[PDB]
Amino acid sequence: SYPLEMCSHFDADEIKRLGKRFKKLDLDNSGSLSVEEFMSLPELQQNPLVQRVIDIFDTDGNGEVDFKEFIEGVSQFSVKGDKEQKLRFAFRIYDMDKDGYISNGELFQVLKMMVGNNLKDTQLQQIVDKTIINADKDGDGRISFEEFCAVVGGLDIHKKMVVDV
């Protein structure tokens, strides 16, 4: 069987441990993780960003996460990853269409997921509008990665985006 080609921060034994954890999550042994298999864990059932993470990991866009995508996904949360790639993963959470920019509609929808009934739609739309206006420097009505980091790059949240493998 031909070898698998990946790009991650993990050692051989770390890819192995992640491998045995991948097989355990693959209930039907289909070789890939599904949304249902992700939601099988009770701790993920009340998490409003599970679908966003899955969509990000799913780099081929088939709706499921294979072993390669699994490794390359988790790798962005390694201790051996820099501040940039962790802020970029955060950027990708808002950037739904993956075009490299954050638009008004995108920022709203992702916020709506996280807020729920804690705010009104009209209220949420207003603060989404004013946020982009103040952070948009080149003035193209959308937020780039540089404009994004210019706003949050001092909150040190990349510190609390680290998992143990």
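Each residue number is its position in the shown sequence, starting from 1. Throughout, rigid core stands for the largest set of C-alpha atoms superposing within 1.5 Å between the two forms.
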Should one compare 27 to 35 and 66 to 74 by root mean square Cα distance from the shown form in 9 other deposited structures of this protein, core superposed, the larger belongs to 27 to 35
Comparing 121 to 129 with 40 to 48, the higher average Cα temperature factor in the PDB entry belongs to 40 to 48
Here the Cα B-factor of residue 146, set against its chain, lands in the third termed middle
Residue 85: C-alpha B-factor third of its chain, per the entry, is the highest
Chain thirds by Cα B factor, record data; residue 138 belongs to the highest
For residue 165, the third of its chain by CA B-factor is the highest
Entry-reported C-alpha B-factor of residue 55 relative to its chain, by third, is lowest
